[PDB]
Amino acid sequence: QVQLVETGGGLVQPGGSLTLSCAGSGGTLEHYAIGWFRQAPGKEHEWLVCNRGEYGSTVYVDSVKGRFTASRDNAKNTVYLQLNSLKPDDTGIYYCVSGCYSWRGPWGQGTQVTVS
């Protein structure tokens, strides 16, 4: 059974960067796709990135495109999301799951990102 723990959340200032980690445990996520979602207060979850392989190319939602970067370290068994040029509207809890563009299923605690 493979599971995911989010990390890297923090408080940041406009234009700043931050690095989030989705860490797999009980197996390889190597052949699994890993999505990143975020939820802001009074708002529904929104999809950010779809990281496939290896395998497929990585898909970003236009608003985060070129701002946000996904990467994988295999054998570290972790998917990364490097946040750059953050705005107060990037505020929210960030979740990683195996899935893309749409999610219900468990999240996940998430890791909080605050930009002020």
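Residue indices: 1-based, along the sequence shown.
Between 82-90 and 30-38, point out the one with the higher average CA B-factor as the PDB entry records it.
-> So the stretch with the higher mean C-alpha B-factor is 82-90.
Can you tell me which stretch has the higher mean Cα B-factor, 39-47 or 52-60?
-> In the deposited entry, the stretch with the higher C-alpha B-factor mean is 39-47.
C-alpha B-factor winner, where the candidates are 21, 25, 102, 98 = Highest C-alpha B-factor among the listed options: 25.
What third of its chain, lowest, middle or highest, does the C-alpha temperature factor of residue 77 fall into?
-> Within its chain, residue 77 is a middle-third residue by C-alpha B-factor, going by the deposited values.
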